[PDB]
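Notes follow the structure.
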Amino acid sequence: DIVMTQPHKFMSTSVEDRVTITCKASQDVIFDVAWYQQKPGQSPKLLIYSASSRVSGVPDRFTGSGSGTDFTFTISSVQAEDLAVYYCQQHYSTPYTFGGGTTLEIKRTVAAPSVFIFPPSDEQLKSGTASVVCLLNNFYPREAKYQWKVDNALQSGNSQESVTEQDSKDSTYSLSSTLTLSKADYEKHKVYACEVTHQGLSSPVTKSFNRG
Amino acid sequence: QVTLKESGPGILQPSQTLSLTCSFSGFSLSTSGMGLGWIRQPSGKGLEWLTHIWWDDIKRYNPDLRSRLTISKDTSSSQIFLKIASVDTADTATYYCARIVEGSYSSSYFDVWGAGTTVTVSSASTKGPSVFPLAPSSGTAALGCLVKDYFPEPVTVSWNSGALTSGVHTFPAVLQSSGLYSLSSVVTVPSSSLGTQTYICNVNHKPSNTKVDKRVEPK
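Quick note, the sequences are listed as chains B and A, same order. All letters in the first sequence, in the order written, are residues 1 to 212 by the authors' numbering. All letters in the second sequence, in the order written, are residues 1 to 138, 144 to 224 by the authors' numbering.
Shown next as structure tokens:
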């Protein structure tokens, strides 16, 4: 009923920098807003409640402010262990509702995706299916665009993707897309292509193969 | 010194009833200003409050699910319980037990969270994966393993029995429309290794007691 909106799914910072995450409520919630931190693999952890009250033992670099519908959460000097997802929550009235979360990521030098395409294996083709895989490897920033083209025809609705968490050692992302066709449909075409664009790329990169 | 530990059934089929238990120490659910409740999180998504129960047995429920939720406490063994009736795939999530407290200004914030228990709702049968090579083409080469058609999560993937770790990316699994998961694990290696080094992905799917070791070689 009350919608908490965090406008940025991701925010980029550098260690020791100052970062402010915002949260907008759809209705006035006085100043009854909490902030949770969630590191990968772990459960949420309360940092701030009633907009500005910090939890005992939470480091003093964490701060909250605001009232009405507009709330902020501030880290004074981002430490490396502060890289995590942050959620606001109104605790003004049931049903208690959370913002969509904001992932705090580390800034680093632009790195273009290294693109690789993988045809389906013979073992899999014998079973009746063809999975074609496109890999976009070790890039930054996170926003990247790819397209599946079969015989120079745009593919839509027949591929799934997933992206790694920002790497903890080189601060890059990687992405993997699987295009899945019937062995029949796979055989109707010749050239299988994955085409990638990105801030680090002067010109789109295409990796492709010819079936067999 | 507050501890909360969730227990549940791991896997369920659609229309079954999920029963979760939370065992707690380090405080009494009998002291005023104290409550205990449940919050869930589907994989890669945000948080959804479900329900909580106060020290004086006042119960609160998410209205979109009240017709399927039941919460209850048993102080005598320091436990609370959640029932979610006729589950469906949307109820697949990690379920956290969480202590809700009352302050002097306001209240309904959760100051201690358990580690969570994962629940998958699916009519799929337990099934180990098929592992297909992602063969290096013809600097840096990439190769990998497509780990396809398994249920349930999770699989673990290592390379050369743990010896190869740098450059490995094991991607989050995706759920195919068949109800079976698929994931890829890749690694980038020196091209100058391809004729001499052997590359094997070791896939462990504990739910089916299955290990697959698949050699990936150029074609």
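Note that beta-carbon positions come from the ideal geometry of N, C-alpha and C, so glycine has one too.
Going by DSSP, which residues form a beta bridge with residue i?
i: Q13 of chain A; result: In DSSP, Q13 of chain A forms no bridge with anything.
i: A111 of chain B; result: B:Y140
i: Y155 of chain A; result: A:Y186
i: residue 143 of chain A; result: Residue numbering in chain A breaks between 138 and 144, and residue 143 of chain A falls inside that break, so it has no position here.
i: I39 of chain A; result: A:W49 and A:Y96
i: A25 of chain B; result: B:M4
i: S53 of chain B; result: B:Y49
i: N209 of chain A; result: A:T161 and A:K216
i: residue 139 of chain A; result: Residue numbering in chain A jumps from 138 to 144; residue 139 of chain A, which lies between, is not modelled.
i: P195 of chain A; result: A:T145
i: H198 of chain B; result: DSSP output for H198 of chain B lists no bridge partner at all.
i: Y105 of chain A; result: BP columns for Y105 of chain A are empty, so no partner.
i: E161 of chain B; result: B:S177
Under 8 Å between beta-carbons, which chain B residues line up against residue i? List them in chain order, please.
i: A90 of chain A; result: Chain B residues near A90 of chain A: none, gap ~17 Å exceeds 8 Å.
i: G116 of chain A; result: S43
Along chain B, in chain order, which residues have C-beta atoms closer than 7 Å to that of residue i?
i: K211 of chain A; result: What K211 of chain A touches in chain B: nothing, since even the nearest Cβ is about 17 Å away.
i: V179 of chain A; result: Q160 and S162
i: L134 of chain A; result: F118 and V133
i: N62 of chain A; result: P95
i: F176 of chain A; result: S162, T164 and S176
i: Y105 of chain A; result: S50
Going along chain B in order, which residues have a C-beta closer than 9 Å to the C-beta of residue i?
i: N214 of chain A; result: Correct list: empty, because the minimum Cβ distance to chain B is about 23 Å.
i: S187 of chain A; result: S131, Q160, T178 and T180
Using only CA atoms, which one of the options lies nearest to residue i?
i: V85 of chain B; options: B:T97, B:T69, B:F98 and B:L104; result: B:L104
i: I205 of chain A; options: A:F24, A:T170 and A:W55; result: A:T170
i: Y49 of chain B; options: B:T129, B:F98, B:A144 and B:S174; result: B:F98
i: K145 of chain B; options: B:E123, B:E161, B:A130 and B:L125; result: B:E161
i: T180 of chain B; options: B:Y192, B:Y173, B:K169 and B:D170; result: B:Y192
i: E158 of chain A; options: A:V121, A:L20 and A:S30; result: A:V121
i: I2 of chain B; options: B:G157, B:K9 and B:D28; result: B:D28
i: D185 of chain B; options: B:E195, B:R211, B:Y140 and B:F71; result: B:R211
i: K190 of chain B; options: B:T94, B:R18, B:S67 and B:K149; result: B:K149
i: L69 of chain A; options: A:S76, A:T51, A:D57 and A:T75; result: A:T51
i: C150 of chain A; options: B:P120, B:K169 and B:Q155; result: B:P120
i: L135 of chain B; options: B:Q89, B:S65, B:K207 and B:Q37; result: B:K207
i: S67 of chain A; options: A:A85, A:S198 and A:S104; result: A:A85
i: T172 of chain B; options: B:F139, B:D70 and B:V196; result: B:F139
i: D60 of chain B; options: B:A51, B:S77 and B:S67; result: B:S77
Measuring CB to CB, does residue i end up less than 8 Å from residue j?
i: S159 of chain B; j: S182 of chain B; result: no
i: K59 of chain A; j: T17 of chain A; result: no
i: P14 of chain A; j: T89 of chain A; result: yes
i: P133 of chain A; j: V194 of chain A; result: no
i: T164 of chain B; j: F176 of chain A; result: yes
i: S213 of chain A; j: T145 of chain A; result: no
i: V208 of chain A; j: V160 of chain A; result: yes
i: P95 of chain B; j: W113 of chain A; result: no
i: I100 of chain A; j: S108 of chain A; result: yes
i: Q199 of chain B; j: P141 of chain B; result: yes
i: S32 of chain A; j: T75 of chain A; result: no
i: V217 of chain A; j: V87 of chain A; result: no
i: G35 of chain A; j: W55 of chain A; result: yes
For residue i, go through chain A and note every residue whose CB falls closer than 9 Å to its CB, in chain order.
i: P44 of chain B; result: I39, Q41, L47, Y96, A98, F110 and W113
i: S26 of chain B; result: None at all; the shortest Cβ gap to chain A is about 16 Å.
i: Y140 of chain B; result: Within chain A, no residue comes near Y140 of chain B; the closest Cβ sits about 14 Å away, beyond 9 Å.
Roughly how many angstroms lie between the CA atoms of residue i and residue j, to the nearest whole one?
i: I30 of chain B; j: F73 of chain B; result: 16 Å
i: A98 of chain A; j: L4 of chain A; result: 7 Å
i: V15 of chain B; j: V33 of chain B; result: 26 Å
i: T92 of chain A; j: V119 of chain A; result: 6 Å
i: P136 of chain A; j: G167 of chain A; result: 20 Å
i: residue 141 of chain A; j: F209 of chain B; result: In this structure residue 141 of chain A is absent; chain A steps straight from 138 to 144.
i: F24 of chain A; j: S127 of chain B; result: 50 Å
i: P44 of chain B; j: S174 of chain B; result: 25 Å
i: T102 of chain B; j: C23 of chain B; result: 10 Å
i: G26 of chain A; j: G10 of chain A; result: 26 Å
i: residue 223 of chain B; j: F110 of chain A; result: With chain B running from 1 to 212 in the structure shown, residue 223 of chain B is simply not present.
i: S131 of chain B; j: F118 of chain B; result: 9 Å
i: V192 of chain A; j: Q79 of chain A; result: 46 Å
i: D122 of chain B; j: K153 of chain A; result: 15 Å
i: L65 of chain A; j: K211 of chain A; result: 33 Å
i: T5 of chain B; j: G46 of chain A; result: 12 Å
i: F62 of chain B; j: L47 of chain B; result: 8 Å
i: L188 of chain A; j: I106 of chain B; result: 26 Å
i: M11 of chain B; j: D151 of chain B; result: 38 Å
i: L201 of chain B; j: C194 of chain B; result: 15 Å
i: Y36 of chain B; j: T215 of chain A; result: 38 Å
i: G8 of chain A; j: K224 of chain A; result: 46 Å
Name the chain A residues that come within less than 8 Å of residue i, Cβ to Cβ?
i: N137 of chain B; result: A147, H174, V191 and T193
i: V55 of chain B; result: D111
Is the shortest distance between the beta-carbon of residue i and the beta-carbons of chain C less than 8 Å?
i: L20 of chain A; result: Looking for chain C here will not work: the only protein chains present are B and A.
Taking residue i as the query, report the chain A residues whose CB atoms sit under 7 Å from its CB, ordered along the chain.
i: residue 223 of chain B; result: Nothing about residue 223 of chain B can be reported from this structure: the residues present for chain B run from 1 to 212 only.
i: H91 of chain B; result: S106, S107, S108 and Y109
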